[PDB]
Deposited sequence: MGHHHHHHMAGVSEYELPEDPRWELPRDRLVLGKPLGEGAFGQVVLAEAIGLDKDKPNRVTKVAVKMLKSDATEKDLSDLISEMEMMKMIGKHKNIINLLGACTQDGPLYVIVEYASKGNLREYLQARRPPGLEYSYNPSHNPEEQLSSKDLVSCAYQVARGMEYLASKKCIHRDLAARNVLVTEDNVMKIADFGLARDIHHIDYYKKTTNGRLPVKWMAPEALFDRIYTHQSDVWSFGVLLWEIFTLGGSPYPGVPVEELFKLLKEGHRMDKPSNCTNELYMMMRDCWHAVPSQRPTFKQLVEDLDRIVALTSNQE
């Protein structure tokens, strides 16, 4: 039923399906092993993530999956985004093969590395490490912006960490125009997505790279609170009021005033006055070089 694309096509028999990994807006995604993903590496297996359709999936659900795959092909590859590795489209269910991130999303990664409870973590992140995650996400966002891709839901839950601690933006090719969004719908973790949305995207339904910069500011706040949850206990109706009044989240402890000013700039009420990702990459780059890893 679907057209063949020899660029990305991998034979179904070269893929060994493993355990689930989804149930988090990412759809039903499973871990797998791909044999000979590369033409020069036929005898080598690579762990990958595989997206597919559920049992009762309408012809529409199929439409969106195909578009996400096309979108990824157009956008191209980058170190800081979940990349497309291949696809199984002939003789069987549709399989979109993408990069696997063994350490999960950034929110979980940060929470699991929080300081000891007075909870007993096995690894801790230095200040340089934190600024470095911020830098990588900005790098991935800058690349996406350069390809005219507007994310629309930038948040730590949508940033993934590979076994080598590389940050990767996911869900950037997700089907759009679904902006008929239910402001009261909670994330699988129990948080309201509206808390990461620029006021113009939230009230005037206008989405731009500038609104993605506003989200990135919230994301920076998440990184420095070690996976803190914005506006805890605040319901949608009250969030609208907080934004109409120009309220801004407070400064996280263990956060330099410069990083907090960066957050405040991303939260400028005027979209054109917010920095760009190009500017954020440069600032963060400089700051990383100057931030101490307690060495």
{"query": "Stretches with no C-alpha atoms in the model, relative to the deposited sequence starting at 1", "finding": "1-15, 134-140"}
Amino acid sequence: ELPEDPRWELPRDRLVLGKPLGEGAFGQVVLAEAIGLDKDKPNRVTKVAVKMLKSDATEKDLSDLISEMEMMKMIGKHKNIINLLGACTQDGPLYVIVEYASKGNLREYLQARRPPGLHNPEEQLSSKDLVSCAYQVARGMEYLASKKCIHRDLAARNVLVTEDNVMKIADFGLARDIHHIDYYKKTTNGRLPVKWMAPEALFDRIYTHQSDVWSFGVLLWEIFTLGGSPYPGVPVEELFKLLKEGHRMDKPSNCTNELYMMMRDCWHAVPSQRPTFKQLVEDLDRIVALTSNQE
From here on, numbers count along this sequence of modelled residues.
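Rigid core: the largest C-alpha set superposing within 1.5 Å between the two forms.
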| query | finding |
| --- | --- |
| Core-aligned Cα RMS comparison in 7 other deposited structures of this protein - stretch that moves more, 265-273 or 225-233 | 225-233 |
| Greatest C-alpha divergence in 7 other deposited structures of this protein once each structure is fitted on the rigid core, 234-242 or 248-256 | 234-242 |
| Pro11 dropped from a third or more of the other entries of this protein | no |
| Unmodelled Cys88 in at least one third of other entries with both flanks present | no |
| Of 35-43 and 66-74, the one with larger mean CA B-factor | 35-43 |
| Mean C-alpha temperature factor, higher of 210-218 and 85-93 | 85-93 |
| Deposited CA B-factor, highest of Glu142, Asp153, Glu108, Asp177 | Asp177 |
| Given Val48, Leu259, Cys266, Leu53, the residue at which the Cα B factor reaches its maximum | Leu53 |
| Third of chain Cα B-factors occupied by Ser126 | middle |
| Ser102 by Cα B-factor - lowest, middle or highest third of the modelled chain | middle |
| Record-listed C-alpha B factor of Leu243: chain third | middle |
| Entry-reported Cα temperature factor of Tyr135, expressed as the chain third it lands in | lowest |
| Relative C-alpha B-factor of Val29, binned into the chain's lowest, middle or highest third | highest |
